[PDB]
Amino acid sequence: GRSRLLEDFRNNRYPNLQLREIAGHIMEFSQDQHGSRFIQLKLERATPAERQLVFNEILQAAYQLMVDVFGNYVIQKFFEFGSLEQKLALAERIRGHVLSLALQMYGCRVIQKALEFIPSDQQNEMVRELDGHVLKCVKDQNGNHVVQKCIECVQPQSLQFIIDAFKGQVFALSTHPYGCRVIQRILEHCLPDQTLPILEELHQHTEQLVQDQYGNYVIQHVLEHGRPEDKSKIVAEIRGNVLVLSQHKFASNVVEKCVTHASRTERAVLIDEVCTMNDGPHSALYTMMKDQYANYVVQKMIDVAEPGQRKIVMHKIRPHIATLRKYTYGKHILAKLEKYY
């Protein structure tokens, strides 16, 4: 049961329509895939009065559009090209509905955009409604993105309640498909006294996390973006276990990160560790080269190893060229040695 006006627009018989001419219909056009796209395109170049006209009609059933498959974009475009009065009046329509909007397929998109264009005051008010519902949002396909956005757009001073909810849950969340996403945002944006207790729990579970399909990304994040102290602990945990973790589908990516982002001395001792150790009847180095995951670690070491150490690593390898040619995964290592040998 559409209207006559939208019908003729849907069938493309109004090639010069103006926002001024679809008055009384904005609500209906925003709920249509084309009407909406029509509005979205026109609002940026529209006149103040024209946009006030559009707003006049979206203001009363605002929530309704926020959770609509097509209407949410019209609300989103308002936070983008609306006036400060319009952005603030909308933030008011959301006031009281942050939680349910954040767990909504579309609402979650409006919250995320509003968090990008409303002033700090309205951001903080908006984020408080999340207090007491953190772990719930984080573990939600729609909400975890709302949470990630808050961490990215709001002053860390008002994000304490989130760090508190994670108290003793950093491992459960780090190994969670969404959770692991939120923890990284936090490592990237929160204050020193907030990241610290997060990091403590992380370091507590290094062993478990590097082997998790999701945990290995958090530890890798720390190695790529973290402070020396935290990198040192992690390389101290991988140290002595470079052989086993290299053969793991997930952990092998983490020891690649250590070899790379550790300090010079640390890096040098990690690479030496695979030369020394003896995996059963024969060297550990031989074991890695033939492995489906470890050959990647052995290769990453040959790249980061300084000339002095690479030389020895190459020399340690030279003995098994013959064996490398027969092992499928062994070829790739040989294909590197080959060059500068």
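From 1 onward, residues are counted along the sequence shown. What we label the rigid core is the largest C-alpha set whose atoms superpose within 1.5 Å from one form to the other.
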Core-superposed comparison in 8 other deposited structures of this protein: bigger Cα RMS shift among 79 to 87 and 105 to 113 is in 79 to 87
Of 16 to 24 vs 329 to 337, the stretch with the larger average CA B-factor in the entry is 329 to 337
Taking the deposited Cα B-factors and averaging over 44 to 52 and over 300 to 308, the higher mean is found in 300 to 308
Max C-alpha B-factor within the set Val154, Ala91, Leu243, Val269 falls on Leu243
For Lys77, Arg227, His261, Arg185, the deposited C-alpha B-factor is largest at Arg227
On the chain's distribution of Cα B-factors, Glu201 falls within the third called middle
Sorting the chain's modelled residues by C-alpha B-factor and splitting them into thirds places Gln31 in the middle
For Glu116, the third of its chain by CA B-factor is the middle
Chain thirds by Cα B factor, record data; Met66 belongs to the lowest
Binned into thirds over the chain's modelled residues, the C-alpha B-factor of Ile219 lands in the lowest
